[PDB]
Amino acid sequence: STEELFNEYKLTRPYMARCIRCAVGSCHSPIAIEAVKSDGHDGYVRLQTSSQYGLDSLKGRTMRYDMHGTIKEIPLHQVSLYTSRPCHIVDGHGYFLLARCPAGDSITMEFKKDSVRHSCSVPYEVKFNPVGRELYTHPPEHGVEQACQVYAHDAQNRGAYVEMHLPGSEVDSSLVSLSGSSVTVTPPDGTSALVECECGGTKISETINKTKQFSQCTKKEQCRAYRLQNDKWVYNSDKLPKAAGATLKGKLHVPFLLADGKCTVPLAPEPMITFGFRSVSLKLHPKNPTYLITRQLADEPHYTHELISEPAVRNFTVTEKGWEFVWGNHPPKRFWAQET
Amino acid sequence: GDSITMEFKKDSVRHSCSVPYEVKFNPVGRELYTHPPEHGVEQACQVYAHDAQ
Amino acid sequence: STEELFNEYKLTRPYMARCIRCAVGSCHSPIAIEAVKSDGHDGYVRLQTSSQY
Amino acid sequence: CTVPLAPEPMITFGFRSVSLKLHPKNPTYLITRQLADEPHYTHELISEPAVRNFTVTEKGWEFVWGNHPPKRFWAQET
Amino acid sequence: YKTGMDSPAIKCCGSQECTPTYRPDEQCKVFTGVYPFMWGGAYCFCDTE
Amino acid sequence: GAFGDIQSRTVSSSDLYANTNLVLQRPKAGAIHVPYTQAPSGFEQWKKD
Amino acid sequence: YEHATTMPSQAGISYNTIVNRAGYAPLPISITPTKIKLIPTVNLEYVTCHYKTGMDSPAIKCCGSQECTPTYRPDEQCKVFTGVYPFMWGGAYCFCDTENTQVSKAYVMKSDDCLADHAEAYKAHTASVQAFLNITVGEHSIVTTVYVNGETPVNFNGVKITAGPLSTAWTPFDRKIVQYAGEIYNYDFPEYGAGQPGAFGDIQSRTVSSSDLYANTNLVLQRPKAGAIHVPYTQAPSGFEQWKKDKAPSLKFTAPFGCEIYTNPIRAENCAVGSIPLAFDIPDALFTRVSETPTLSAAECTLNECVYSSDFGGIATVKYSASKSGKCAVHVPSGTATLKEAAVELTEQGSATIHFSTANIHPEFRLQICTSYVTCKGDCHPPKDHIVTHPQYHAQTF
Amino acid sequence: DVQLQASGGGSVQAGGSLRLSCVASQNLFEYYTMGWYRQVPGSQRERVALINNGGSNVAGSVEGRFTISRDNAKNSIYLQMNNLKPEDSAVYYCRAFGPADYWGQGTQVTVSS
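**Quick word on the overall build of chain A**
Per the secondary structure count, chain A includes zero helices and 32 strands. Over its C-alpha atoms chain A spans a radius of gyration of 30 Å, topping by over 25% the 20 Å that the globule rule assigns to 340 residues. Its C-alpha atoms put chain A at 110 × 40 × 40 Å along the principal axes. Here chain A holds 340 residues, and the buried ones make up 41% of them.

**Considering the state of the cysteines**
Evaluation of the coordinates by the stated rule reveals 19 disulfides over all chains. The disulfide bridge from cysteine 12 of chain E ends at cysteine 44 of chain E, spanning 2.0 Å between sulfur atoms. When the S-S torsion is -90 degrees, as for the bridge of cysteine 12 of chain E with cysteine 44 of chain E, the disulfide is left-handed. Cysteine 12 of chain E sits in the partly exposed class, given a relative accessible area of 35%. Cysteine 259 of chain G shares a disulfide with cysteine 271 of chain G; S-S distance 2.0 Å. Negative torsions about the S-S bond denote left-handed disulfides, and the value of about 80 degrees found for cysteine 259 of chain G with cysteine 271 of chain G makes this one right-handed. One end of the pair, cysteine 259 of chain G, is in the loop between α1 (239-246) and β19 (260-262); the other, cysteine 271 of chain G, is in the loop between β20 (267-269) and β21 (275-281), and twelve residues separate them in sequence. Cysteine 271 of chain G shares its class with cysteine 259 of chain G; the two are buried. Across chain A, the way the bonded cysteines pair up, counted in sequence order, is 1-6, 2-3, 4-5, 7-12, 8-11, 9-10. Here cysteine 18 of chain E is not disulfide-linked; the sulfur of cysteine 28 of chain E is the nearest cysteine sulfur, at 3.8 Å.

**Thoughts on the pattern of salt bridges**
Within the structure shown, the criterion is met by 17 salt bridges over all chains. Residue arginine 334 of chain A pairs with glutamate 324 of chain A through a salt bridge whose shortest N-O separation is 3.9 Å. With a gap of ten residues between them, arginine 334 of chain A in strand β32 (residues 333-334) and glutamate 324 of chain A in strand β31 (residues 324-327) connect regions that are remote in the sequence. A single network of salt bridges, built from pairs that share partners, joins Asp6, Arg23 and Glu26 of chain E.

**Here we look at α1 of chain G**
Residues and elements named next belong to chain G. Restricting attention to buried positions, one finds in α1 the residues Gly239, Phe240, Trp243 and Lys244. The buried residues of α1 occupy an angular sector of 135 degrees when the element is viewed end-on, so they sit on one face. The first or second residue beyond α1 is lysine 247, which carries a positive phi of 45 degrees.

**A word on the side chain of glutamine 204 of chain G**
All names here are of chain G. Within the secondary structure, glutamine 204 sits in strand β15 (residues 203-205). According to the relative accessible area criterion, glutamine 204 is buried, its value standing at 1%. Within the structure, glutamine 204 has its side chain in polar contact with the backbone nitrogen of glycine 193 (distance 3.3 Å). Setting aside chain neighbours within four positions, we find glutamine 204 in contact with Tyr46, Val47, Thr48, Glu191, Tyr192, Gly193, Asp212, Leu213 and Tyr214.

**Some words on the interface of chain D and chain B**
Taken together, the contacts link 16 residues of chain D with twelve residues of chain B. Buried surface at the junction of chain D and chain B, summed over both partners, amounts to about 1400 Å²; 54% is from carbon and sulfur atoms. Contact with chain B buries area across many residues of chain D, yet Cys1, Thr2 and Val3 of chain D alone supply 40% of it, more than any other trio. Taken together, the links from chain D to chain B amount to zero salt bridges. Taken together, chain D and chain B are joined by twelve residue pairs in polar contact. Those elements that provide at least two residues to the side of chain D that touches chain B are β1 (2-3) and β4 (28-33) of chain D. For the side of chain D that touches chain B, the element with the most residues is β4 of chain D, which contributes three residues. In the side of chain D that touches chain B, the residues fall into ten nonpolar, six polar and no charged.

**Focus on the pairing of strand β1 (residues 2-8) of chain G**
Within a regular strand, side chains alternate between the sheet's two faces. All names here are of chain G. Burial along β1 is one-sided: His3, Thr5 and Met7 are buried, while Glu2, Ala4, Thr6 and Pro8, pointing the other way, are not. The pairing of β1 with β21 spans seven bridges and is classified as antiparallel. When the sheet's bridge partners are listed, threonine 6 is paired in β21 with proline 277.

**Remarks on the interface of chain D and chain G**
Contacts between the two partners involve 22 residues from chain D and, on the opposite side, 20 residues from chain G. For the pair chain D and chain G, the summed buried surface comes to about 2000 Å²; carbon and sulfur atoms form 61% of the total. A per-residue breakdown of the area chain D buries against chain G is headed by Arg33, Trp74 and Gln76 of chain D, which together make up 34% of the total. At the boundary of chain D and chain G, one finds zero salt bridges. On the surface where chain D and chain G come into contact, there are ten residue pairs in polar contact. Where the side of chain D that touches chain G is concerned, the elements lending two or more residues are β2 (10-14), β3 (17-22), β4 and β8 (71-75) of chain D. Among the elements that take part in the side of chain D that touches chain G, β8 of chain D stands out by supplying four residues, more than any other. Residues belonging to the side of chain D that touches chain G are distributed by class as follows: twelve nonpolar, five polar and five charged.

**Some thoughts on the environment of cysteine 87 of chain A**
With respect to the secondary-structure elements, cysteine 87 of chain A resides in the loop between β8 (80-82) and β9 (88-93). Taking C-alpha positions, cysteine 87 of chain A is 9.5 Å from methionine 109 of chain A, a pair spaced 22 residues apart along the chain.

**Observations concerning the sheet that holds strand β3 (residues 18-24) of chain H**
The pairing of strands in a sheet comes from backbone hydrogen bonds and takes either a parallel or an antiparallel form. All names here are of chain H. Taken in spatial order, the four strands line up as β1-β3-β8-β7 in an open sheet, and their pairing is antiparallel. Each of the sheet's edge strands pairs with one partner strand only, and the pair in question is β1 (4-7) and β7 (66-71). With strand direction ignored, the average angle separating the axes of adjacent strands in the sheet is 15 degrees. Where β3 meets strand β8 (residues 76-81), six bridges bridge the pair, whose relative direction is antiparallel. The residue of β8 that forms the bridge with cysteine 22 is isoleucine 77.

**As for unusual backbone geometry**
Residue and element names in this part refer to chain A. Here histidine 68, not a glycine, exhibits a phi torsion of approximately 50 degrees, which is positive. By secondary structure assignment, the location of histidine 68 is in the loop between β6 (62-67) and β7 (70-75). Look at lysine 232: it is not a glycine, yet its phi comes out positive at around 60 degrees. Along the polypeptide, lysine 232 turns up in the loop between β22 (223-227) and β23 (234-235). Residue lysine 232 is classed as partly exposed on the basis of its relative accessible area, which comes to 26%.

**Some thoughts on the packing of aromatic side chains**
For the structure shown, the criterion picks out 25 aromatic pairs over all chains. Arranged with centres 5.6 Å apart and planes meeting at 85 degrees, the rings of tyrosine 46 of chain G and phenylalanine 189 of chain G form a pair that is edge-to-face. With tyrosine 46 of chain G in strand β3 (residues 27-48) and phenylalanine 189 of chain G in the loop between β14 (183-185) and β15, this pair connects stretches of sequence that are 143 residues apart. Comparing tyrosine 46 of chain G with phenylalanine 189 of chain G, the two get one shared label, buried. An angle of 80 degrees between the planes, with centres 5.8 Å apart, marks the rings of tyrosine 187 of chain G and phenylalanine 200 of chain G as edge-to-face. Highlighted residues: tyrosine 187 of chain G in the loop between β14 and β15 and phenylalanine 200 of chain G in the loop between β14 and β15, separated in sequence by 13 residues. Through pairs of rings, three or more aromatic residues link up here, namely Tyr180, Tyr185, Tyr187, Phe200, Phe240 and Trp243 of chain G. When the ring centre of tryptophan 103 of chain H is taken as origin, the NZ or CZ atom of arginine 45 of chain H, which lies over that ring, is 4.6 Å away. Lying across the ring of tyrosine 37 of chain H, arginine 95 of chain H places its NZ or CZ 5.8 Å from the centre.

Each value, and the rule that gives it
Residues numbered from 1 in each chain as written, not as in the entry; some residues may be left out. Chains lettered and ligands numbered in written order. Part of a larger assembly, values for the part shown. Heavy atoms only, no water. Helix = DSSP H or I, 4+ residues; strand = E, 2+ residues; numbered from the N terminus. Rg over C-alpha atoms; globule rule 2.2 N^0.38 Å. Buried < 20%, exposed > 50% of the residue type's maximum accessible area, 1.4 Å probe, protein only. Disulfide = S-S within 2.5 Å. Salt bridge = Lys/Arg side-chain N within 4 Å of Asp/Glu carboxyl O. Arc of directions from axis to C-beta. Polar contact = N/O pair within 3.5 Å; in protein donor to acceptor, adjacent residues only side chain to side chain. Contact = heavy atoms within 4.5 Å. Buried area = accessible area lost by both parts, 1.4 Å probe. Nonpolar A, V, L, I, M, F, W, Y, C, P; charged D, E, K, R; others polar. Pairing = 2+ DSSP bridges. Axes fitted to C-alpha atoms, helices over the stretch in contact; angles between N-to-C directions. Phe/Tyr/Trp six-rings, centres within 6.5 Å; stacked < 30°, edge-to-face > 60°. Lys NZ or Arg CZ within 6 Å of the ring centre and 35° of its normal.

Spatial relationships are all this shows, so hold off on functional conclusions.
Structure (structure tokens):
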């Protein structure tokens, strides 16, 4: 069951934050990306977004996000992401999203509401890490299997935790309005509010579902009305204001961990050998940049580290003590000269 | 691209014409990028007019 | 202010002209290319055609 | 228009010597020049990471990297 | 490594102090006279301090 | 900026010596965040080597 | 009381002097040049940009003959073709087989996109120099803009100051100049009426709106394709285009002495060449009598920090016992050391610490302080940094 | 020292429009929030509008009539006034606030019924 592996996110909410570049420009968006970590090999990326996943206002493929205080939802497949070529999302849990993406410099994620498209683009470089010695750009279709490190597709609890936090006091200019002479406050039903005014002296008043008219004010700009909450904690993000007092209320395990799995790598051509006395000519013809890693079995290896992507000829001198060359992911090859 | 093609589809007829006129991208600054980036410092530039003044 | 710019083009008509490349061969297409100009920076291209927009 | 901005090179000082490590994402111009009457102006396009060593005297030295602003330097006695 | 972040501690028309947690390579710095914003207008209404 | 930047006695020592040169710059006006400048992760450059 | 001095031609570095008079105390002078300009006289001759070959409609005739009517457009070419069979979407335009005559006409004008992006030719000569300065004489601080020529002294509070012309009249500008997109190049173009194809200057307009054009691009008319209607042609490419494919790096990046060219009014900023003779008609009013100024006794100079660095990396504390307490001008007649400050407040019996830049391993000199001279001696040491980001602030002794 | 030079002030009638322009001697907007303050003769300086990367906020007295815009490249801020009324007459100063605070010298704006 995932409820015990998902009950933790019944205790928090999504939030709407600052986006340096939405569809317009410097902007406020519900999808600000705090960080994306990508330390796999075949292109698995874990993203931290400001929105929450998998939780109803349960259901699997639904992003639950914020909008000016009100929490809305939409299935994941309406949202999409790209860097230079479109991505393929794997899944998402809580604030984290596991996806498949190509190489690039800037992430750009986008979704669409009934009339307004909301996007966010950030210049966090995407680092694709090829495996072994055969360098490529897209995952292969066959070959030989090796051990690899890949982010886990599912959610699990492990020796790593993050920090949720108490919600703060968010100002709201909609709650504060202008009556005929006084200032009107209409806090949301079932929650208290705090309006600070200096149109006279500095006032601090808490209205608990109490529509209140306060004199001495002419415009609403002389006052600021905040909103208060206790439950539905939020992540230790730098884009939000701190709460009141020590700001610690527990910790939370992390999903999408780097596990040891198996990955297939292509196999390079078997090179053409043409041997003469104490020497060998090699004709090579790789499909891609592949490493030749050679040495001698003597007191001094004279090891050669080099990368070939173009078919080339090479002559080497091999001693009686032996010789080693490794071509791509093939096993090492041994050749000992004989007196002739 | 060295050629430009343009085309539309009638009820059942596809009209399409192509010409080999060079279409060359002109990067700005001292970096020879290919496709427009997302960020960076702001400079003056010369570009066509979107309006029809 | 847009309509005064727009009105002056009501004194012309669209027309055909020969495009060497068709969907098959060389035609007198209705969307012939008079010329193509590309001198901006971001690849925005102005194109001269035989039809009206 | 916005323009791409290249990473910061890695500098290294030495007695009448300056070494530089370079890692361009894309092809970018380096334009270097002495601050004297005679330039030895060097305009070059770098597209691969590389290492390069120049000499700078007490008379000054200048270089511009991609779209970054100009960089001036002056040698002294050590 | 990975850079551990804390939310900024903001006081409007006031002042703050540094509380060293003694975590490794801790960096705490205080800047006055800011004018931060949030979506629903300015987060606060002061001009200085 | 090189090897030895982070030093933990073992995998689960729960302590570490950090020498990574965290330098705090000033944030943007009218924007809540915590910018920073420091040396690159030395492990990255070493595994490049 | 006229006084003449020579100013190094380098903006951003302060210069301190003393006007000495027998019966009066020295008058300090502090001058910091901010910006030095070089404005050559500029003559516009013409502009050049993208060309474009507009084509006239082919005039057609069936069962007859046509003629060529000259029109005298720039590099205009007209030709007659015979024996064709034209066509359009409807069908055959003609039922006459032979003796069908076609007049094909073409010419060149300037691209209408280049009203803002067009290269301009220029003839430059007779350079003049101007300077922004911040002056302080007798705690009278001013910021001024001055021409350096032998005329036009600046006047303030009865003080006249005449700047002597430069010690050298060299210009980084050459006679013949081209500007493009705000960058400027010393390249040789042809004159008016002698342009060539393929190279810069192929087409030539006297101004952007002169509407008188010269064109030479070897435009040749080719024989039309049979069964079609068009004006085939062949010509050399836009010489402006291949010149902008050449683009030798701008004088901004090949100028001598590292002084920066700016093009709003074209000039070169802060060319560090030569020196400016100066002369100071300072009235006697600002001078101070000796009795009005402090006179000291029993002064001792000690070198605290000694490092022959480019900057003022030298600390010297002079202990003194002064009769009166008052600010006064302190200087070194020689060039061994460059003092950071020209004057320091004097107490009755205190000591004064002075910053200076030195270049002698065994620095030894006499410093003049407001009445008298005191010997200063010590030993400097090498600095620690191989390269710095600022120039020298002293002269190098043999 | 950084200087804020304000211009565009003058004399107009009621129902007219104007555009002020304050230009800074240095590129300072990227680190500063720009503000326009009006001062009736004998009254304290009071905010008209403020602008920075987070948007623009205008005073409620002049909402829907005064709008503030910024241009970092030109180092210029513009305040377009429309439908002015006789009480709008005052000396308007541009303020740049950051680690340091700078006040514009100001220009006279007069509007008559």
